[PDB]
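K.L.:
sequence first, structure after; it's an experimental one.
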Amino acid sequence: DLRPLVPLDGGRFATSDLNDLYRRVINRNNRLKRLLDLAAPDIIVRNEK
Amino acid sequence: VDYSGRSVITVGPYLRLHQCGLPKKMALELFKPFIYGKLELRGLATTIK
Amino acid sequence: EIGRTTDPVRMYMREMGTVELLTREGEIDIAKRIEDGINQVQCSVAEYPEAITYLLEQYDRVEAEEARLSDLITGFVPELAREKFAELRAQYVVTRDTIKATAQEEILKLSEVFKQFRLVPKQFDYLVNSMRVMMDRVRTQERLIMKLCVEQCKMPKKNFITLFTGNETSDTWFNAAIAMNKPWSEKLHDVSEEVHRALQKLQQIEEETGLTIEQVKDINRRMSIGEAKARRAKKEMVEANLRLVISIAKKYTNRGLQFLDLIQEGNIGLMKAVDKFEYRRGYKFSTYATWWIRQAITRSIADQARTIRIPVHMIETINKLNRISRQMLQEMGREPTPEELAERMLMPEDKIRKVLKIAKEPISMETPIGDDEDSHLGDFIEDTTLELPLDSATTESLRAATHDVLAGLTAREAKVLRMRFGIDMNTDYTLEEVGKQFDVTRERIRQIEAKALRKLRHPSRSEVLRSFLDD
Amino acid sequence: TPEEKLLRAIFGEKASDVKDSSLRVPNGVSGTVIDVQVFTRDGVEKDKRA
Amino acid sequence: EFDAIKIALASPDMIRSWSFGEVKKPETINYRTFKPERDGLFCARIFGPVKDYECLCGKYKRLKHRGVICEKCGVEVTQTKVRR
Ligand SMILES: [Zn+2]
């Protein structure tokens, strides 16, 4: 509730920007965990890091 | 800030310079906690509602 | 040329540009390398008896209503299949009964008829995992009996590795190690009782595996060689086709997912493809990898482009609506109405109303709005979970009023009513609960509560309580 | 809340099913309503005034 | 109450000290029944309940159960300003 996704009236949501930045960090994080699970080539895990 | 308002200022030269003419409507809007307490204190209104 | 740039895209483009593409015969060479690795690891698995034991146990599990056959084995290179299982049982038990000699060759023939047996990815990978874990448990006793002696006993690796390797199980390197009369001779005695039980668990592992130490080590070392070579080949080919991935990933440029997210999830799909490229069929690689790379990029964009994620099937439905609406707009002249999409699609026309109602991207709460000293939208979204202080004041006032009222009743009735309703206590008790606490049946407490309520209705009383109803 | 179940039971009232969300003239303002207009979405039954 | 503000670097162990649970997935809400979708950035399990004194699975809905983490969906029924 300091980075809210409050729905402004009209069915439209009105998110913050930190939801975007965290969502991106966590996506790239989860993807890097996968790229280390598949035992990937080096250049791909370097790109992901 | 709560308890605050603004409107256009004007002259009013009858005033002593320890007072400012302040409109009835703004004053009744700003002073509603005080009015509610006063009314239920003098008993003119049973409950706060 | 290393620095001078803070872009990650360039730092990826350069590193992928250093590597050069592949020739068709080049790709065939890499594929043959991968087959070599996989066949080497399958042979290394074949020289392991428990590699057969696990499959036998699993088939029984599928026989015993514990899995599926199709998802216990990936067919064979089901009556033919099952007679092959029984033949596996027969050759397994005969090689086990021939422990005396030719059993080298019998294990060879057993594992070679097993090589015609095709497994599930879980099956073979878990066999490899079990062999890895067994080698790890062997290396456990290894690192113990090595660290107990060269690190704790001050034994040279010259006179340790020379004899520690070669038997590893008996005492000829153990009682005769001290029988060499060395400075580490009298120093092994403190741990020789522990090293002996370390060899005890090592002997247990040898009993468990059905093979020695050195032969098992040759097997799984060849196995690890083959796997590392396969990984080397797959690294080679994927580094070849990173360019293909950038080519296919250009086109999804601005559908909400950053560019390197697209090229990275394309690469993950590409690894998926290289794990399944089949050159025997003889089609050029790019033709086959393109399906996987587009599937990966699109599954990605559907799964992680919205802030409020919507499932894959729903995004496919929305793309269908938008594409048919684009057609209807180029055709009907104007923009089609949400009932005509019902006729051009196959929708109840309320499913399309819901699908259109699925909200678009949330307006970033820092949208600039004019105006009045540069205020963003976030300044305008009030708080709704709050309760306005007049209702808080009036809750307090009603609390005080009901207290002063219930004081007017009798003490027992006031308590039965403070307990029947949740007034001034943590929970609101059942009438039977209050009865058991007061030692009376429910009907009596019901009449008591009704008596109190009826008395509270009584005008000359409850004037203020009536005043707490605003309508 | 407690004391509200008490009040409601005492005065035999059934709590409302639906919430007031009317449109009301903003505070202070007078006027004479010179025109009303109702926009009914396609597929919703037009009331009397529409 | 207090009399000075200290500022220093936050450690891994401290950062796990403030926190109530890892945020594993990026989902925010469920787009159809707008629930905090566990366990993403607005996780009812991790950051608290959405309405005061009500679990998320609806099982517990009263101040009789203040403090009880549900069994079904694990949302500590507490004031929703703990969400903050
Ligand atoms: Zn729950």
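P.N.:
Happy to help now that I have it. Numbering: from 1, shown residues only, chains lettered A, B, ... in the order given.

K.L.:
just the helices in chain B please.
P.N.:
Secondary structure of chain B (DSSP state H): helices at B:24-30, B:32-42.

K.L.:
number of nearby residues for residue 18?
P.N.:
I'll assume chain A. 13 (other C-beta atoms under 10 Å in any protein chain shown). To be clear about C-beta, it is placed using only N, CA and C from the backbone, and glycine gets the same treatment.

K.L.:
that answer is for a different chain, and I need it for chain D
P.N.:
Residue D:18, neighbours per other C-beta under 10 Å, totals 5.

K.L.:
quick check: it is in a strand.
P.N.:
No - under DSSP: H, G, I helix; E, B strand; the rest coil, residue D:18 sits outside any strand and is assigned coil.

K.L.:
out of the helices of chain B, which comes closest to residue C:57?
P.N.:
helix B:32-42 (79.2 Å; C-beta to C-beta).

K.L.:
contacts for the closest one next, please.
P.N.:
B:28, B:45, B:46, B:47, B:48, C:393 (C-beta atoms under 8 Å, 6 or more residues apart in numbering or on different chains).

K.L.:
what helix or strand is the nearest residue to residue E:38 once chain neighbours are set aside on?
P.N.:
In space, and not counting its chain neighbours, residue E:38 is closest to residue E:45: 5.2 Å by C-beta to C-beta, 6 or more residues apart in numbering or on different chains. Under the criterion of DSSP states H and E, residue E:45 resides in helix E:44-47.

K.L.:
hmm, the biggest helix by length in chain A touching chain E?
P.N.:
Taking DSSP H as the criterion, chain A has its longest helix at helix A:18-37. Yes - using C-beta under 8 Å from any C-beta of the partner chain, helix A:18-37 reaches chain E at A:19, A:22, A:23, A:26, A:27, A:30.

K.L.:
gap between the second one and residue D:31?
P.N.:
This points to residue A:22. 49 Å (C-beta to C-beta, to the nearest Å).

K.L.:
show me where chain E has its helices.
P.N.:
Under DSSP H, chain E gives helices at E:12-18, E:44-47.

K.L.:
for my notes, please list these in CSV and give distance to the ion and mean neighbour count for each entry.
P.N.:
Shown next, in CSV, are those (distance: least, C-beta to the ion, whole Å; neighbours: other C-beta atoms under 10 Å in any protein chain shown):
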stretch, distance to the ion, mean neighbour count
helix E:12-18, 24, 9
helix E:44-47, 9, 20
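
K.L.:
will you turn the ones you listed into a markdown table that also has distance to residue C:366?
P.N.:
A markdown table is the format used below for those (distance: least, C-beta to C-beta, whole Å):
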| stretch | distance to residue C:366 |
| --- | --- |
| helix E:12-18 | 26 |
| helix E:44-47 | 22 |
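
K.L.:
tell me the spacing between residue C:448 and residue C:148.
P.N.:
For residue C:448, the distance to residue C:148 - C-beta to C-beta - is 81 Å.

K.L.:
also residue E:38?
P.N.:
In this view, residue E:38 and residue C:148 are 49 Å apart by C-beta to C-beta.

K.L.:
also residue C:438?
P.N.:
Residue C:438 is 75 Å from residue C:148, where distance means C-beta to C-beta.

K.L.:
residue contacts, residue C:249?
P.N.:
Contacts of residue C:249 by C-beta under 8 Å, 6+ apart are C:259, C:262, C:263, C:266, C:293, C:297.

K.L.:
any idea which element it lies in?
P.N.:
helix C:214-249.

K.L.:
now do that helix: distance to the chain's middle.
P.N.:
Distance of helix C:214-249 from the chain centroid (C-alpha atoms, centre = their mean, to the nearest Å) equals 23 Å.

K.L.:
so for that helix, what gets flagged as buried?
P.N.:
C:216-217, C:219-220, C:223-224, C:226-227, C:229-230, C:233-242, C:244-246, C:248-249 (16 or more other C-beta atoms under 10 Å in any protein chain shown).

K.L.:
returning to that earlier point: of residue A:22 and residue D:31, which one has the most company?
P.N.:
Comparing residue A:22 with residue D:31 by other C-beta under 10 Å, the one with more neighbours is residue A:22, at 17 against 6.

K.L.:
return the residues in contact with the residue of chain B found nearest chain D.
P.N.:
Residue nearest to chain D within chain B: residue B:25 (7.6 Å; C-beta to the nearest C-beta). By C-beta under 8 Å, 6+ apart, the residues touching residue B:25 are residue D:28.

K.L.:
name the residue of chain A with the shortest distance to chain D.
P.N.:
Counting by C-beta to the nearest C-beta, chain A gets nearest to chain D through residue A:9 (10.9 Å).

K.L.:
that residue and residue C:384, how far apart?
P.N.:
Distance from residue A:9 to residue C:384, by C-beta to C-beta: 10 Å.

K.L.:
from residue E:48, how far off is the residue of chain E found nearest chain B?
P.N.:
Going by C-beta to the nearest C-beta, chain B is nearest to residue E:81 of chain E, at 19.7 Å. Between residue E:81 and residue E:48 the distance is 8 Å, computed by C-beta to C-beta.

K.L.:
do residue C:205 as well
P.N.:
51 Å.

K.L.:
who has more neighbours, these two?
P.N.:
Using other C-beta under 10 Å as the criterion, residue C:205 and residue E:48 rank with residue E:48 on top: 21 against 17.
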